[PDB]
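Structure, as structure tokens:
For ligands, and for the atoms within them, numbers begin at 1 and follow the listed sequence. Chain letters run A, B, ... following the sequence lines, proteins first, then strands; residues in each count from 1.
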Amino acid sequence: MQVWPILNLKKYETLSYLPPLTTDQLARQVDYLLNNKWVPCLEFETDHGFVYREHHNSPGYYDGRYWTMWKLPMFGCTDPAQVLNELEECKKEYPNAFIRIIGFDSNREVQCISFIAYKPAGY
Amino acid sequence: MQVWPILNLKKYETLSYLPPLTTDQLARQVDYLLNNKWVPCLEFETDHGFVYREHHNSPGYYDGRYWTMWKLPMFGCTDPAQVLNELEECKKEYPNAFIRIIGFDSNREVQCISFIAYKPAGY
Amino acid sequence: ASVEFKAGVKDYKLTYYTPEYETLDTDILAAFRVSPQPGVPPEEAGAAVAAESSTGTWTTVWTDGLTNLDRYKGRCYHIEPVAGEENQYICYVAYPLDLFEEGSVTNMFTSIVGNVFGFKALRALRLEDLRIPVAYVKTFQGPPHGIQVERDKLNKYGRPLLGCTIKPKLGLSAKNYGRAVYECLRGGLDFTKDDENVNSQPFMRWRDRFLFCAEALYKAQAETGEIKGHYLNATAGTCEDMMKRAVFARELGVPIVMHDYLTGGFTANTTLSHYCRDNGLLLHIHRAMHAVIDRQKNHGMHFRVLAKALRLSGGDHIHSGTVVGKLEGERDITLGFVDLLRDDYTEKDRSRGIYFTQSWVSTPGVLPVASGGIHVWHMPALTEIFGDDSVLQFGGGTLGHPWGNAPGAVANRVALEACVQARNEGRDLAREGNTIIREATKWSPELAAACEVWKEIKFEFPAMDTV
Amino acid sequence: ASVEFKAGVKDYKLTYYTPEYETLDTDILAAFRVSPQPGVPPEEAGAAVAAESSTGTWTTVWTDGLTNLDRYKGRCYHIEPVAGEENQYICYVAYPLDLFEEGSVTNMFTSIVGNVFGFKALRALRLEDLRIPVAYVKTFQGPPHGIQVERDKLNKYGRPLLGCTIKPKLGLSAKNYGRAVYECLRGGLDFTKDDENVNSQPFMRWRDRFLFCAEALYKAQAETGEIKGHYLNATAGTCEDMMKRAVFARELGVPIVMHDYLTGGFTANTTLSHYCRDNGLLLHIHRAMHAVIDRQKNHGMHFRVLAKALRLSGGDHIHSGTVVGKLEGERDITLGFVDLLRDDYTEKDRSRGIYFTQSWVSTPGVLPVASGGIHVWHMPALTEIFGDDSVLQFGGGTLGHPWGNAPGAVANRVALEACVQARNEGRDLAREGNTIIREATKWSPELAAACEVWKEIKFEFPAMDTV
Amino acid sequence: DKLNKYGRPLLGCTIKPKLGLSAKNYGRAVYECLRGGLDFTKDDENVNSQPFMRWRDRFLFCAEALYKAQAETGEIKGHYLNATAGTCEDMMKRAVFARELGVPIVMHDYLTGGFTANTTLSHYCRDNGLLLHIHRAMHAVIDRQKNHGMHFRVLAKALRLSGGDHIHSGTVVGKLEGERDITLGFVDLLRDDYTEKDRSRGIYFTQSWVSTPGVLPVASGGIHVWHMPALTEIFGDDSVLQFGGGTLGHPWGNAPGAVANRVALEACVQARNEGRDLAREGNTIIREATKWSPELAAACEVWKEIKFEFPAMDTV
Amino acid sequence: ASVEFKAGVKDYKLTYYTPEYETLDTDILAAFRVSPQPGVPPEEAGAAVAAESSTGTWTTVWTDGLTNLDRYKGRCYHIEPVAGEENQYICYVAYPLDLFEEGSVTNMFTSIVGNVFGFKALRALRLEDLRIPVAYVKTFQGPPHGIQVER
Ligand SMILES: O=C(O)[C@@](O)(COP(=O)(O)O)[C@H](O)[C@H](O)COP(=O)(O)O
Ligand SMILES: O=C(O)[C@@](O)(COP(=O)(O)O)[C@H](O)[C@H](O)COP(=O)(O)O
Ligand SMILES: O=C(O)[C@@](O)(COP(=O)(O)O)[C@H](O)[C@H](O)COP(=O)(O)O
Ligand SMILES: [Ca+2]
Ligand SMILES: [Ca+2]
Ligand SMILES: [Ca+2]
């Protein structure tokens, strides 16, 4: 009988209950996004890594959901090395931030992909 | 005329105005719980040891009342050494937590016992 | 099937004395202690009480034949002589479910206790008990919260709760009220309260007091780390005024308010009970005025009937007496109605004054409150009589302590925990009480000073209300 | 000027027995009949009642020094032994104006009658009378209308008014209620009414009854040409429910409603009193439950206190007893509280049970209502005791008549007018009563049939409540 | 977008014993479930307000619990508070207090409450930013038999008009009836803007929605970790998968139960996304995850034999 | 008094088939016409209906030990075979007063008829009749007027 731990067990939505993505596993998530013809985008955040409620409290209002856009969505991208390259550029400029990869479906106007790709020190 | 102190005089509900339980006194509280045929359970907390009001303020709403369950309530327990053994296991895994022992009455669905059994450093 | 109308008077017992009737499980049953005038046979006295608390008047009325009198009539179905008494009987009366207004204690009292106590033909009448059928119980809300929910809201388990009335009953200002409340709460009491008659007055207006008592209670909560309440009184002259005070307590986010249910009344109290359920407020009930009605054995209404009525109308706490303190209450009678207030089921038990088996079909239980002339040396007996599910209140016992309110509160909290530990360890509170207290004085200077002041004080007098 | 705080218990009489005190004209004065336990001197008993109904508790409290105890304390200022009684005294207690909440009977009772009746140190306690100072009287509305305005609204002058409770107390349907109301009102009664316990029930729901009783009363008004009323009962389980019934009566445009002020309670009754003033409704008050409290001489509260309390809270009618009918009430005591209900000023008069001179600074007077076991042969005595400013009600006496409700009403109306004419012509109602009635039977067949049916019926028993 | 949740089915859980738990034990159970990785917990369809647990106490304790699980985990949480009631006034009072607590989602039983009441609550939830979970209690009285009644697809279309953000859709593989092709048909009728006549899936008519928002289908009733691969294949990302028994029946308690289900679902999503076939490699995908997840391994041992396979009453 | 928690699935009839139970006068009683699938005994079918219309689900839950399952559980207390029918039974189920919200037909139907009609293990289910106890009747207003008052 094991007790699920309590301390420093922050999670990050889709895929964060799995083992850490290897470089091959990260590659395959970007292939999957591109194979479905979704638009990739990178987002980053240094200050509020998790969701909170500072300015309002009514149903469905949360702060911390918006992060900041790295450049623009990569419209027309077909090459996974571009996505991975921009991830390396974001990391170099913001080594202290959380960085996620998202993929947009413009017909539904819904993100169909979202996962954490890099985490700063101690996370 | 003595003045009742103000600083670092946090209290912990039933039994916390008495001198610290000896090992024999702790054993006798566990015997009492088992002799009334109540189900023992351990609960622990590292972050918010005392009660507070973060998410709401209406009558009867407080944060900090729920702690986290150590394994499950020990249904059918009749041996005090099991309870004390789980307390030692909880302490070893969470030496920085507050740990309490509770006893449930399932007919009334009321905890009939609750007391602090271990306190972390400086408490 | 329709007999002619015959005008004129005839005996009540021809229609309303019914010794072969079997009671229905939907009936309300009343046990009346009846003392007839000389020359009035017990059958006629019993019949008169049943008739005039249900369908009948003093002469025969033709309009009976438009209805079915036998399905609506109240009826005296059993008469039992009282041992050791000249001309005094227990008369049992049955009232059909259809006579009563759903959810209205007011209507139930109006019928059963309305006019019959002033009959010329009786010397005295006392309602001892009522059997409230489960089909009528289900028409009421009952307590707003009840015992289980109250402990879960407050996170308080494994000991009686501790309270305290602020003294000078009357005459303190709003700010001195809150000053006294902070110092009482910080020493280990869970609760403080308004005195039953502090409402709003020239020396202290209600809104000012609510506000200062909120600052004080929140300060004691933060210092100690334990949830605190102060019973803010909503009792008032009108329903509008009463509602305004419950509304401001709601706004302050505090856990508990109080009402004087007999002086305010049952129509008002049922209103407040419904508001407290709707708004998550605990409702403490004070029984001011009960002893006008319930003190004497020959005449009035026993407290157990008034306590059942409160459970229906609704309250989370009700004062129950202390047994050992300054106001009357016999041990066995008190244990009887404490069980009627807390439990789901109580069997007939004439040795504790329970005339009827009573079921509650899960109506929440009320917390009994023991208060009035008690102090640290009473703690062992109090804990033994009431057990964990009670509130023990020390007004004079806290604010009469030689070192002030905080040390007063410590002494009471230490004494109670000492008793709880000893009880839990197998010690006998009845026999080892003074030794348990004495042992705690060796490591608690606060309790030692309280013990010295009140060591001789006892309240021992002959009781007026015995089985 | 500040003496040290001394913890511990001491006698009440050191602070609260004050035989040299001169009462203030702003004080509330209480006359208590006190029966102490053996070994408790009357000074300490009187002190104990004063302390515990005002500012004191059982041990000494340090917080007294934050205020001025001597300006707030209640105080026993006079003690008088009861003639013919072992260990029973009249203790007089004075309470400062500042202790009380303006406009609240609830608060006034809570202090004076709240906890002291259950003291272990007393065997029995009865509150006999209260002196209500004119500065406190002016904080209350009093009756919605009062006697002058009621007669002017209804165009009724020069005789007692006539009413009638519908019988079977319970069990009639809404449409049979209205049928009975029409036949009563068309024979010459001014009013009919709901029985005190007819509220809303399975056999008859309230809104149905109000609506059929409005059709019936308007039909009798148009046939006879005289204004008619039916007291619709607003008594209910909650204030919201009570308010909804007063609202629909308003909508129907009828003149009068009723409330059971003790079973509903003072908080709810003051609310309804204020509503009836704001909306032009007469308010009939029924005193159901009073005899639980007021029957016995040793213990409780006398009816005169409960009647003063109603006058303050508010009502246009209150039941006053009949003296000669089926329920208890002694002539001299009754005349005493009838004067306290109707007049602007009543002097101390211990032979009628008036312990204090009482002034009303123009509070409207309440009409006394005589009801319960009376019939045509009582008419002369009733007219003599109450005079023109009363209502006399015959339920059984109308619905028990051999020829039905209309003829029953004629008999009562003819009897009353015969008494009024005879009195007005100089005849003596006490001595010529039976001859007055007998004369009227020669030209009134309806009265003749009523006279035959009830000629032997009398209610004569030893009274429990004597001066 | 409100919940910040993308790229997988959502995970819920009904609290069990259906009836009989107290207000505080409900909240205790909610916290432990939510902290282990479920997105949602919920009131059982028949938990309204009762002698064992009154509604306002339950709302209040479930708010404290959900907010504690949210802060521990870093992920938005919800608990479906039930507004079903005897009268509209009562129903409205519950939606009002949920609003006051600032919580994201309430629930309604639309057939037992009824369409008149349901439309009222749907308008209130649009006006106040509350998600609305719909439970279809009573539908099988009407829709079970092929000769007589009304098929569920008609009841599902009616709910989309009246209004709700979630509706129960069946599981196909668990304890209650639902055939794969008929289910796929009305799932498309609930989520999509346009659906062509297709008699093989029971669609008799081409149906258009002119941008009526889509309803998330909820799969619940008798499912557990070994069903995860098939559920993910049938419904895809836009669904909610609910495990009551399958969380509160776990040997180690609610948190570990929740971890097992969350790990199972992520394992399926990763494998699907890498090109693996969920229909054929399902058991291997679950089995692989049991090597690094003790919690899932305990859940797998307990329910390895459990299947619900019976003849269907409702066929094309 | 508290037995260990045992995870896993077991038959419904172990807890919810209760042929010796005497009905309380506060109980709601249901008469169900049950047609089970082949291979499902009538005891398990009746048990399944009672469990899933009251307190139980498909596998064993540890939280039963925080309450008193035996005072809340619905229970199949009698089974009668239908004359002239293959594999069809009248199953009688009892539900404690405390399961129901006062004054709510909606809540009463939600429990008794909510989910059990779509169980895979049944071919068909019909609720024929309900015994509504007088204590639950009194929580409802009933007709606004009724026959007497309308005339
Ligand atoms: O006025 C008072 O006397 C009290 O405040 C107690 O004061 P102390 O604590 O200072 O004695 C309580 O209200 C009484 O206990 C009421 O009686 P009961 O509980 O019998 O109704
Ligand atoms: O129930 C009754 O008895 C009455 O309707 C009278 O009926 P009858 O006219 O048929 O006697 C009146 O309420 C009583 O007079 C009340 O007593 P009181 O005025 O003393 O308070
Ligand atoms: O009562 C129940 O059975 C459930 O809580 C599931 O319990 P478990 O998670 O413990 O199975 C769900 O409401 C049903 O799934 C409803 O059925 P449907 O979705 O078919 O309408
Ligand atoms: Ca008091
Ligand atoms: Ca009457
Ligand atoms: Ca369910």
How is the N/O/S atom of C:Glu196 that comes nearest to the Ca ion (ligand 4) named? OE1

Would the C:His375 and D:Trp58 ring centres measure less than 6.0 Å apart? yes

Please state which protein non-hydrogen atom is closest to atom 11 (O) of ligand 1 and give its distance, to 0.1 Å? C:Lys326 NZ, 2.7 Å

Which of the atoms in ligand 1, numbered in the order shown and given with their element, are less than 4.0 Å from a heavy-atom of C:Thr165? 5 (O)

If you have a sec, work out which protein heavy atom is nearest atom 12 (C) of ligand 1 and how many Å separate them, to one decimal? C:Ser371 OG, 3.4 Å

With respect to atom 4 (C) of ligand 3, which of E:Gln242, E:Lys18, E:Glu45, E:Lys16 exhibits the smallest heavy-atom separation? E:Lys16

Sub-4.0 Å heavy-atom approach of C:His286 to ligand 1: yes

Using side chain to side chain donor-acceptor pair (under 3.5 Å), reason through F:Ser54 and F:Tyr16 one step at a time and then give a plain yes or no. CA-CA 10 Å; F:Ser54 70; F:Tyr16 294 89; 5.4 Å; no

Does the side chain of C:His302 come under 3.5 Å of the side chain of C:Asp465 through a donor N or O and an acceptor N or O? yes

Would you mind checking which non-hydrogen protein atom is closest to atom 8 (P) of ligand 1, with the distance to 0.1 Å? D:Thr57 OG1, 3.4 Å

Suppose we call two aromatic rings close when their centres sit under 6.0 Å apart. Are E:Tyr80 and E:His108 close by that rule? no

Only N/O/S atoms count here: what is the atom of C:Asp195 closest to the Ca ion (ligand 4) called? OD1

Checking a contact table here: which protein heavy atom is nearest atom 2 (C) of ligand 1, and how many Å away? D:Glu52 OE2, 3.4 Å

Are C:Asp195 and C:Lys167 within salt-bridge range, i.e. N to O under 4.0 Å? yes

Are F:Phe117 and E:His139 an aromatic pair, judged by ring center distance below 6.0 Å? no

Regarding E:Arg136 and E:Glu45, does a basic nitrogen lie under 4.0 Å from an acidic carboxylate oxygen? no

Just which atoms of ligand 1 are under 4.0 Å from any heavy atom in C:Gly396? 8 (P), 9 (O), 10 (O)

So the atoms of ligand 3 within less than 4.0 Å of a heavy atom of E:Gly222 turn out to be 11 (O)

Below the 3.5 angstrom mark, is there an N/O of E:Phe243, backbone or side chain, next to an N/O of ligand 3? no

Ring centroid separation C:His284 to C:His319 under 6.0 Å: yes

Do E:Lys175 and F:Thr57 have side-chain atoms, one donor and one acceptor, less than 3.5 Å apart? yes

Provide, to 0.1 Å, the distance between atom 17 (O) of ligand 1 and the closest protein heavy atom, together with that atom's residue and name. C:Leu327 CD1, 3.3 Å

Find all atoms of ligand 3 within a distance of less than 4.0 Å from any non-hydrogen atom belonging to E:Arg136, and give their numbers and elements. 18 (P), 20 (O), 21 (O)

Which protein heavy atom lies closest to atom 19 (O) of ligand 1, and at what distance to 0.1 Å? C:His319 ND1, 2.9 Å

Can you report which non-hydrogen protein atom sits closest to atom 9 (O) of ligand 1, along with the distance? C:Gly395 N, 3.0 Å

Could you tell me whether E:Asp143 and E:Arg153 make a salt bridge, using a distance below 4.0 angstrom between a side-chain N and a carboxylate O? no

